[PDB]
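Trainee: Input: one structure, supplied below.
Protein chains in written order, with the numbering used here: chain A, 9 to 58; chain B, 2 to 49; chain C, 6 to 507.
Spelled out as structure tokens, the structure:
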């Protein structure tokens, strides 16, 4: 009865933390993966204008 | 089902370790870029 | 998703900033300007905004100049083809700031946050979230300038405390006294001056200057505006110099020419009068709160013109201690706006530790010549891989020996690993490929692999300590490489390419 409940209880807390886990967890990626492109134009800008 | 609850629980804790790791290697690579780039733009603007 | 982008508007001081990774970032504008400013215009069918709007301002019907004064007011401008309101004009301030943060990042920011005054209340500080969403960029909250840079830095590690800010506007002054609610900010006191600041400073320079030139040649200055521009600029220079530097001069020559040796304590006795137009706002705060100059836990330096030692020699002898200078005060509102911007919609609790590598790691070439793969200082959770080939024709097997240090030599370095690998196929030297991935985890025990290709037979090692020892012992060696300063004489074994026989 109550023996059943902690199942999706724990499950709950877990995937729950997970959501954030995922999100933040590719935040870093996406950003660094952006500014490699950044510095990627930064050589282009220093190619004349430096 | 019964302890398959515990099974996924496992799965997810596991993806906790697994995840954080997936991150700290990230922190590694990210912060690491700097030494390099800084010095790259050094040599860029001494000459030219 | 999307990152929550800062935009402050400080009425002639303004910025839109962001956070990429673990370091706080101050954006660049379309103009070469580190920051382009708050004022704008219009014309037929086409808008003009920023530093590009503002010099078409003394040349064209449309210029709005520091509209900060009308936010939260019933103020309505009569302008061509429709009269206008502070909101619709600011919608364009941040429409342009939107296209500009977009033409920087490429990963759009819809969600955004603002920097307002600490004095403001339900009327105008709503006007912020509202006009914030008028341009189209939503506001996930509105900070206040002072609690903002307070949390650009940030106070929440620390304990229940008290503080007073320093706002220096563009020709406005302010300070707002604050306290910690052990996780909560409520701004307590407010003071400052409606016109005082950097431009005024430049004009005491231009004033004593022009007055002194009428003191010599009898010939007056201010009638002439390329001359006076020359003045504003060169005098700004001498200013920030007096701040940093111990002595100065100004080369303004081919005037029509003034060449002077610019002084510091004359500029100081020049400027040491309005530094007590501040002490007024300051101590008026000290009474608005009730707690004496001796009641505070931390205090700060903000604004553009705050970089000179004038106010700071008025303070070190005012409140007892030095300010936190750990910022680049000029833009210091912008980033602050986004700090929590990414504390909300984004990353949570942060160690950011073992972010460095003990030493340059490499291995045993050509009988001990040491080549690096890993350098020093390198974020630990990483691994680098490289593949050598055959010493000599028919190497039936290859031993592996790895070093840690800098000095390019065998026992001039610390023997780390020694382990070997056999079965290689017999054949000409240099050809066969053997890989070694130095695989460096975060936690400090380092794995290292070497494996043939064509074999796919592989031997690797799992080391233990990597250090086992202390700081001084290492740095005594980091010193030691320097100390040796050319044991590089082993370019002698570099000419041992004599090994080649043909």
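Don't be surprised by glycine CBs; every beta carbon is placed ideally from N, CA and C.
1) Counting only runs that start and end within the segment 21-45 of chain C, where is the beta strand (DSSP E) found for 3 or more residues in a row?
2) Note the first and the last residue of the continuous alpha helix (DSSP H) segment covering residue 36 (chain B).
3) Of all the CB atoms in chain B, is at least one closer than 9 Å to the CB of residue 435 (chain C)?
4) In chain order, what residues of the segment 21-49 of chain A put their CB closer than 7 Å to some CB of chain B?
5) For residue 219 (chain C), report the span of its beta strand (DSSP E) as first-last.
6) I need the straight-line Cα distance from residue 177 (chain C) to residue 121 (chain C), nearest angstrom please.
7) When you check each C-beta in the segment 308-322 of chain C against every C-beta of chain A, which residues fall closer than 9 Å?
8) Just tell me which of C:242, C:387 and C:128 has its CA closest to the CA of residue 33 (chain B).
9) Taking Cβ to Cβ, would you say residue 402 (chain C) is nearer than 9 Å to residue 368 (chain C)?
10) Reducing DSSP to helix, strand and coil, say where residue 156 (chain C) ends up.
11) Roughly how many angstroms lie between the CA atoms of residue 286 (chain C) and residue 103 (chain C), to the nearest whole one?
12) What residue does the beta strand (DSSP E) around residue 61 (chain C) start on, and which one ends it?
13) What does residue 406 (chain C) pair with, by DSSP beta-bridge criteria?
14) For chain A, is any of its Cβ atoms less than 9 Å away from the one on residue 25 (chain C)?
15) Which same chain residues end up closer than 6 Å to residue 462 (chain C) when comparing Cβ atoms and leaving out the 5 residues on each side of it in sequence?
16) Kindly indicate if chain B contains any beta-carbon less than 9 Å away from that of residue 382 (chain C).
17) Kindly confirm or deny that the segment 188-201 of chain C and the segment 144-159 of chain C touch, where touching means at least three C-beta pairs closer than 8 Å.
18) Please report the residue range of the alpha helix (DSSP H) in which residue 285 (chain C) lies.
19) Does the contact criterion of 3 or more C-beta pairs under 8 Å hold for the segment 45-53 of chain A versus the segment 350-369 of chain C?
20) Does the beta carbon of residue 9 (chain A) sit closer than 9 Å to a beta carbon anywhere in chain B?
21) Mind checking whether residue 157 (chain C) and residue 338 (chain C) have CB atoms under 9 Å apart?
22) Taking a Cβ distance cut-off of 8 Å, strictly less, list which residues of the segment 321-353 of chain C are near chain A, in chain order.
23) Reducing DSSP to helix, strand and coil, say where residue 118 (chain C) ends up.
24) Where does residue 166 (chain C) fall in DSSP's three states?
Mentor: In short, the structure shows the following:
1) 23-25 and 28-30
2) 5-47
3) no
4) 22, 23, 26, 29, 33, 36, 37, 40 and 47
5) Unbroken run through residue 219 (chain C) is the alpha helix (DSSP H), 203-221; no beta strand (DSSP E).
6) 14 Å
7) none
8) C:387
9) no
10) helix
11) 36 Å
12) Neither: residue 61 (chain C) is in no beta strand (DSSP E) and is coded neither H nor E.
13) C:423
14) yes
15) 428
16) yes
17) yes
18) 284-294
19) no
20) no
21) yes
22) 351, 352 and 353
23) strand
24) coil
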